[PDB]
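Nothing in this text is a laboratory measurement; each read-out follows from the coordinates by a stated rule. Note that we place each Cβ from the backbone using ideal geometry, even for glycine, and neighbour counts take in every protein chain shown.
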DNA sequence: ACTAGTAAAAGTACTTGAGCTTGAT
RNA sequence: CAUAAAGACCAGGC
DNA sequence: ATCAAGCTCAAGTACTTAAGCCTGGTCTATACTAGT
Ligand SMILES: [Zn+2]
Ligand SMILES: [Zn+2]
């Protein structure tokens, strides 16, 4: 987390039943960032937001957000020992508890789409072959290219 | 609670998923009827489904009431991780939410863990159309090369290219399929 | 994917268009004649009488002990019934072989098939030889045990530990207590549509549908099934057309083939005319045998050399010609 | 040179400098220029290396194959794959019925298969107690010891290290004429291409004994039904090839 | 050479090589370009079913 | 996308 | 031939494909000649009998005069003549049609 | 045991009685509707060490339109049959002067005996059946239509009033169980009468070779 | 049922037959070492496959944040009121939808099914 | 040095291999 | 009028 | 009592096969050796 020895691209998988620990520093893996959850609250406080809308004259950016221990890169093998909460305002409250021991949290759940599928308005209302049709058709729409 | 007795021909997994698919498939046709009986006379979906030009009665139910339940490889959405479907759920969960029952509609929008599943189902339905055409277009060549010279001769007999007889009269009656209709005999059926 | 297991659509069409000797899911629909067709339990022991039962389906465990004399019995309970056998001991003519085999039986799978230790021990003795000795309990007890010894008339290389484990792992898989060996699982249902019911002209002259019990298998062997009692020999059919070509004839493959094409066309509610199915099934079976619609059926015909070269084997047909 | 990278003549500029050179400020880079046209390298998928896999192919007498695509840390022109299979139950024979399934191995540059205890006895470790404390890790489970017993009772007659290297080294691409060429080729293949990612130096074959005991131990876990099989389409079993 | 023509190998072995790597950049619209620079590929053959 | 008996 | 249809069709159906639709062809003739179905009619029934016989002779599939080329004529035009004498008989056309 | 075996012997015997009834021979009606109890009281109860031996089950029948033509039905004792038993039966046929014969084989043949059945072709034609094959009459089945063997004049009006040659007919090989049910050699035309749903009845022809 | 090794060359011991005292002996096919039988049996072949999961689940599985938890089932040995449940995750999927419970109090690890 | 020779199932078709029956003895 | 070869791979349209 | 002759059934090892039509693009003719 706080970057003493280990570069942030390794993955450290512990499967409890198999009784082994795998550590990967190999190249070629694919990963995406997430937000750490403590006991039940997040770690991204408002102290990290009010000095992040000031990037042009503060020298505070994403690397100070990684080096503070509030986001973290997770890859695909380590997404099988994880317990995500998809949104904080609705899934980490005191309710009829589905799970009570979340370990991560997503940024926004619409970051699972690519470049040609982020130009479709309201994709959660369409039939998904139509999304696949337009995700190969905004590649041949005449416009200004450069 | 180890209280579910299996059925003749099935395992425990098969009787479990068959009666869960029974419950959920009987509770999306009900919502379909609640959508069908709540339209109007000036409506235009209903004015297309009735007239027969375009549309069907499951599209009105998916647009208005419930999209349904997706399935890849002919069964409900599988455990693609170990004991989970996506990393949001808990291990060995078998409920309707965890495995693909899309309970919203196309107008109320889809939640993320549900739009992903609907993308899986639409993906399978796109692969099948992408693949099937080569096999069908190969069969339809192999038949047409195997039968290409069978024809009706001037004796009303249906002979080969080597003139060796295939049928003595065409279609076992002698008639061409352009000018026949459905009829009823009405002598075999009634009482004595 | 959405509908037992029966292939439909395209792969069953390309199983019927050639004559593929291993169809991907063959079956054998079984009708019944007498009192067995109406009552469920006599249909249940026709069901037991057709489906194959190997010995390992009715076993619990097999444990090789070492009793040099049958009066020792290191097994902590079994001195009672071999003491009943010890009231009059039999077959101690050559020696006593010490190496023993011991099978426990599971009474759910046993009483499910109306079997007992007397006809199992009749089968595994009369049928294998006299090389073994099969003693067993009484049906009063809960556990079902049968002790097996090798015959002493060889001991008066062939080490009997390796040999006795060899017959232990041969009797579990190759014993065939009941049934036909090609038929692996038989179902049981009575139909709802009228195409598998029994349609009778009544006394007044009215077509009546009657519900009947039918069995339907996973695996085809028609000639042994037609030859079985309380089975209708008139109406029993199948879907493996090379097996109907083996058993019934050539006209039966014309008509069963016509019925199979009509079965795959009319499952999606479509309709193709009859002249076309009669022409295909009447060209495919015209010269006596099953002219498959492939390379190897049409390219072995009396058609000329300049017709076979436009179908898949141009230069080879031209050079043999 | 890939454009906009650190060894390009456009890195770290501002917008007026990029517009002055007739370049676009938005154009993201990440492409080459060869003979005027502009190429781009597509990242090619790959199966992961140095991980032990168990599958089950329904074709042959092999009922459970293991794999390990091995690479010696970004320096290998081939990739040395070592399988450890397990034979069928339904092999038609009046002897194997009481014997059982035998564990084999398909080493690189050796076309015919070799049984396992011969390969372990080519690495030293002549006793059977030591070979079965490398291949299974506890001595109170009676099921997992019976599962490997025909693999021991096949290789009883080759019970010397040097005739084991003659046995393994006898079937190469072309067999040797004398014996010491065969123990030469067997020792260099069985030490230099048996598992390059573990160790290349001529000592420490103990670590190849522990890792091959782990591979066959994993085959015995996935044969006794105590674990699932590995999934080919699992996207944690993939790697990607960029520029 | 092997960037210029795609065939990821030698010139004298130009038929035992995995083609389709290092292809021409696409310039209709700017998101065509951003999609082409972010693209994965699996080497399973494209006639299997 | 509908159900098990329908379409995907 | 009522008893022949019960062994050609053992199941019980009656939807059979044939040539020219006969109910539509008697229902056109009820309007080309303005048939009042309320009066007594002037069709004497032994014009019906020899009408159906002389038409049923003029329907030749196999042109032949000798035997074995005259019995296949009666196997070809068999189901249509059962249907023809079934629909166009004496009671059913003096009463209903 | 023995009740299943005498059930088999009754059902085989009844099958052979319809078989030679269909080939055109003289069969009394009493042995066609022969119930199991009349068999069981006539020939014996059990064949296990018993009175129906597989000997004294043999049947000699005679043709209708000619009293000379007879056919013998042999039930061999041993499971697989060699050449020596075929020489025994052929010896009995030699001294009794009968041409046609059937051999209902219990378990199977040996191929030199089968070559010893195809080699005496112009005289002493023997036919080989199997116990497992004769437990059901295949002519009464749902799928199998009516076959009628055609005499030579009728073949002349077929090949003369369609203006065909003889090879231009459809064919059938003489190894299917129906042309072995009727005992048909190469050169003979079978007539098949089957009911169809387009015309009502269709008569087609087949040349056996 | 188990396995037997030698005390000189450390290889596999086999059962053998010597025809004097009617006693099963284990011997070695390498050296000349003999010892008698203690159990007087060889082979056990469990066809029923009724192995119990309570000797194959680990007490460490309560340290897993991706498994469900229950207040309603207390433990018996320690009285702790928190547990974690899971299914078979193993072979024999004949009727395998039971529910194994593991106590989550540290240094207890008590395991029970219902 | 310049420039021209230059080395995925799935059906069938064919081969070997083991064992049988039979005349000889 | 006449002449613009030809092969291999790739990205697409219905 | 074994001994070839002739034959049948089974398994092992190659060859042959995968929709139609249409429109644009870039690259390449061999790198290496002896005549001349
Ligand atoms: Zn030892
Ligand atoms: Zn506890």
Rounded if a/c is under 1.5, else prolate if a/b is larger than b/c, else oblate: which is the stretch D:132-243, with a ≥ b ≥ c the root eigenvalues of its Cα gyration tensor? oblate
Between residue C:25 and residue C:83, 0.36 nm times their residue separation minus their Cα-Cα distance comes to what? 15.6 nm
Nearest 0.05, what FRET efficiency do residue G:53 and residue H:22 give at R0 = 51 Å with Cβ-Cβ as r? 0.85
For the stretch D:27-130, give the share of DSSP beta bridges that are antiparallel, in percent and rounded to the nearest 5; count only bridges with both residues there. 90
So for chain B, what are the equivalent ellipsoid semi-axes in whole Å, largest first, each being the square root of 5 times an eigenvalue of the Cα gyration tensor? 49, 27, 22
Using only Cα atoms, tell me the angle between helix D:206-223 and the longest principal axis of chain D; keep it within 0 to 90° and round to the nearest 10. 80
Relative contact order of chain B: what whole-number percent is it, with Cα pairs under 8 angstrom and at least 6 residues apart? 11
Residue A:1-residue E:2 FRET efficiency (beta carbon distance; Förster radius 25 Å; 0.05 resolution): 0.05
Angle in degrees between helix H:84-96 and the longest Cα principal axis of chain H, rounded to the nearest 10: 80
Please compute the Cα-Cα pair-distance distribution of chain I with 10 Å bins starting at 0, giving whole percents from short to long. 11, 28, 16, 17, 19, 8, 1
Quick shape summary for the stretch C:172-321, equivalent ellipsoid via Cα gyration tensor, semi-axes whole Å in descending order, reads 38, 24, 14
Calculate, for residue D:232 and residue H:68, the FRET efficiency according to 1/(1 + (r/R0)^6) with r their C-beta to C-beta distance and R0 56 Å; round to the nearest 0.05. 0.15
Relative contact order of chain D, defined on C-alpha pairs under 8 angstrom at six or more residues apart (%): 22
Counting other chain Cβ atoms within 10 Å of each Cβ in C:233-243 and taking the mean gives 2
Across 20 Å bins beginning at 0, the whole-percent shares of Cα-Cα pair distances in chain C come to 23, 39, 27, 11, 0
Can you compute the modelled spin-label distance between residue I:10 and residue G:11, with each label point 7 Å from Cα toward Cβ, in nm? 7.8
Put in order of increasing Cβ neighbours within 10 Å, starting from the fewest, H:112, B:98 give H:112, B:98
In percent, what relative contact order does the stretch I:46-114 have, based on Cα pairs under 8 Å that are 6 or more apart in sequence? 28
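Compute the Cα gyration tensor for the stretch D:82-176, then decide on rounded, prolate or oblate, letting a ≥ b ≥ c be the square roots of its eigenvalues: rounded whenever a/c is under 1.5, prolate when a/b is larger than b/c in the other cases, and oblate in all that remain.
Oblate shape, in that a/c is at least 1.5 and b/c is the bigger or equal ratio.
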Cα principal axis extents for the stretch B:75-187, largest first, Å: 76, 41, 27
Value of Rg/Rh across the stretch A:1-112 [Cα atoms, Kirkwood radius]: 0.99
Computed on alpha carbon atoms, what radius of gyration and Dmax characterise the stretch C:1-82, expressed in Å? 24.2, 68
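From the Cα trace of the stretch D:53-239, what convex hull volume per residue do you get, rounded to a whole Å³?
Per residue, the Cα convex hull of the stretch D:53-239 comes to 147 Å³.
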Give the residues of the stretch B:1-42 whose amide nitrogen is closer than 19 Å to a point set 7 Å from the Cα of residue I:113 in the direction of its Cβ. B:1-6, B:11-14, B:16
If you take every DSSP beta bridge whose two residues both sit in the protein assembly as shown, what share of them, in percent to the nearest 5, is antiparallel? 85
So what is log10(I(q)/I(0)) for the stretch G:35-97 at q = 0.24 1/Å, when the Debye sum runs over its Cα atoms only? -1.00
How many nm separate the modelled label positions at residue E:12 and residue H:33, each set 7 Å beyond the Cα in the direction of the Cβ? 9.5
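How large is the convex hull of the C-alpha atoms of the protein assembly as shown per residue, in Å³?
322
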In nm, the gap between the two label points placed 7 Å beyond Cα toward Cβ at residue C:69 and residue E:25 is 9.7
For the residues B:151, C:171, A:142, what sequence is obtained by ranking on other C-beta atoms within 10 Å, fewest first? A:142, B:151, C:171
What do you get for Rg/Rh of the stretch H:1-136 when both radii come from the Cα atoms and Rh is the Kirkwood radius? 0.96
Quote the convex hull volume per residue of the stretch H:137-209, based on C-alpha atoms, as a whole number of Å³. 98
Fewest first, what order do I:16, B:153 take by the number of other Cβ atoms within 10 Å? B:153, I:16
Relative to the longest principal axis of the C-alpha atoms of chain H, give the angle of the C-alpha long axis of helix H:3-23, reported between 0 and 90° and rounded to the nearest 10°. 30
